[PDB]
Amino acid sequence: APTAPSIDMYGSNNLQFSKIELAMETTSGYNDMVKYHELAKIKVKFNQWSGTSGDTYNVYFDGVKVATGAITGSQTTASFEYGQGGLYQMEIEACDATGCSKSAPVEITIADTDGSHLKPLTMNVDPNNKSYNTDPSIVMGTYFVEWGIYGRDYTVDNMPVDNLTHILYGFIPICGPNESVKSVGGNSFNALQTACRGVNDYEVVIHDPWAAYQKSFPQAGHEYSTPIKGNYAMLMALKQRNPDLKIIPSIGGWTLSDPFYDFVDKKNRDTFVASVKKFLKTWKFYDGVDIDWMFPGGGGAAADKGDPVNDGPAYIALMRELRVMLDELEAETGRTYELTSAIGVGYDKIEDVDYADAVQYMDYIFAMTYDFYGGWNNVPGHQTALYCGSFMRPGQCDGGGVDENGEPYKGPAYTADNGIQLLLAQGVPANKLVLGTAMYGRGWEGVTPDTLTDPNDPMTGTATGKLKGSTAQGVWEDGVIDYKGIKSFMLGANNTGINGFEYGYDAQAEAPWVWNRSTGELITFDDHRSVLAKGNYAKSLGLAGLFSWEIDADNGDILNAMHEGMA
């Protein structure tokens, strides 16, 4: 037998290889920054500085032969390709006529976007998040936002993953018309332009590559040489920790829906669908696709867009086409992929789509049963109520009555049940509907007692403007506040109200509020009681389960109540 091969670690790139190349120190176009390979190029060097080198080598991964070639001289380079990610015990064998000798086993790392090379993620979850034995068949979803790692300081390892079936990752942009992005500020439009350089219109990209895959997280063991970092590497590790968990990219959202309006042309859908397939092959930790178009027929961020004739049919066609594409992926991989959508529940949004048609291709509809009322005007109301509140006029709930000016209502009032019933009325099965819970409040100021028509219902008052405050109190935008902020600064330990605020609950609507009489500050949100009511409602109707926006804003109370309501 010849001399046993000795691995040259430096000449073998410390045995670290990757199926994906990701730019870490620059920012450029998506296709410039991200290069995915179906086969990793492996290059291992070994030495035989004494005795006979032999004639032939064999490379083994966990005892399975993966390469073979010739040995010449004391130095040998073994170049081959390998397509499965993970950690393998590598042995290199040298053979001649007299026999074979093997190197000592050493670990080789081949990175892939399924996280197979990564150890399961260690968590840092707020202990206020409780442990539950909820039926795994019940949907328990939430949104994790890409930008939450900044001011909100909320990272993947903070998620109460044991209390979730679905993580929706917001948001994936589509290259093309995106004027609505400018309303965000923070240089987000320019960031999108950069990402889209070298990318065709209607193809998906990553908006924030720093957050997505570049940022080094010490809790995930990231270092300079780590081939995948950021939120994505952490989500990959999360898949290893919780194998039954579904992680789904959310495409669009309020600010990134503009390109959807061009899906009336099938050519644009074709381009999009193909890009999504590429995206799911590149990022293997993702378990499907979620479409967040706000909204078919219009009424979204872009006032100049919306086609009530063609948008709904395009939406249905998109779902059909996405399902065909996902079926291709299922055939190629043996995996199961999910197709979902978050949708508006206002009567004027629901009416623009035949969801009975669309839903045949879909696993779930995430019914966005919030944002019913808010700081966009000075009219108080329950933003996420199950039913019509006491503040509503007779006939307002169903929409058959008349407003202040004598003008008839144009449709049923904005409530969760009104939305759900409209979807059911179309023929959508209840077991595909997921009910939305809010982990945030919307709010006003100047709703002082004198503005109220009913003195002990602040929802009958009138605002002077939006709720204002600091990010310390969870106010990231005027008129919007994190639930955990409401709890910390308005509710207090026993939900009795602090800092001039009082707690109230509309039993008719199933909706809480906090009201400061002196400042006129009023906040509408979901709390333990209303979320219990939502869970009991979801069970009674046989809905698929519950979902929420956004997990960073919860302190545990809301997700806790979601589980307790579905018990």
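The numbering used is simple: start at 1 and walk along the sequence shown.
- In this entry, 397-405 has the higher mean Cα B-factor, the comparison being between 280-288 and 397-405.
- Higher mean CA temperature factor between 493-501 and 344-352: 493-501, per the PDB entry.
- When the Cα B-factors of 248, 434, 78, 108 are read from the PDB record, 78 comes out highest.
- Note on the listed residues 460, 470, 271, 193: the highest Cα temperature factor in the record is that of 460.
- In the deposited entry, the Cα temperature factor of residue 184 places it in the highest third of its chain's modelled residues.
- The entry lists a Cα temperature factor for residue 82 that places it in the highest third of the chain's modelled residues.
- Split the chain's modelled residues into thirds by C-alpha temperature factor. Residue 233 is in the lowest one.
- Residue-level temperature factors show residue 262 in the middle third of its chain, judged at the C-alpha atom.
- Per the PDB record, residue ranking by Cα B-factor puts residue 441 in the lowest third of the chain.
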